[PDB]
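> Just dropping in an experimental structure and the matching sequence.
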Amino acid sequence: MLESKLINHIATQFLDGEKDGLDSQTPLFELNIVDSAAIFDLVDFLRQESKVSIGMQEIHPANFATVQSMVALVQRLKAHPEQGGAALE
């Protein structure tokens, strides 16, 4: 249900608080519903819950194409200690 919590978050600012075309298993790319702008928000949600950091370099919608894409993107960096902080404080 955590996967629908990241949806309804931006579904407010994007869809007037309605869920249609935008959900976890729904193809965010094929329907083009979510912008790359809201990816930055979906990031904060995932990295916060999973207690990890991700770099802006890795923050792009290609990796957040669906729930199964974005979940697995976090799962790869989970095995890393520290990453993303390149030329950044």
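Nice, I can see it. Residues are numbered from 1 along each chain as shown.

> so who does the closest residue in space to residue 82 that isn't next to it in sequence touch?
Nearest non-adjacent residue to residue 82, counting by CB to CB, 6 or more residues apart in numbering: residue 53, 7.3 Å away. The way it works is simple: take the backbone N, C-alpha and C, and place the C-beta from them, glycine included. Residue 53 makes contact with 47, 82-85 under the criterion CB atoms under 8 Å, 6 or more residues apart in numbering.

> Give me the buried subset of those residues.
Neighbour counting by 16 or more other CB atoms under 10 Å classes 47, 84 among these as buried.

> The contacts of residue 53 into JSON lines, with extra columns for secondary structure and distance to residue 61?
Supplementary listing: those in JSON lines, determined by DSSP: H, G, I helix; E, B strand; the rest coil; distance: CB to CB, whole Å:
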{"residue": "47", "secondary structure": "helix", "distance to residue 61": "16"}
{"residue": "82", "secondary structure": "coil", "distance to residue 61": "25"}
{"residue": "83", "secondary structure": "coil", "distance to residue 61": "20"}
{"residue": "84", "secondary structure": "coil", "distance to residue 61": "17"}
{"residue": "85", "secondary structure": "coil", "distance to residue 61": "22"}
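
> you'd agree residue 54 is up against residue 47?
Yes. At 5.2 Å, residue 54 counts as touching residue 47 under the criterion of CB atoms under 8 Å.
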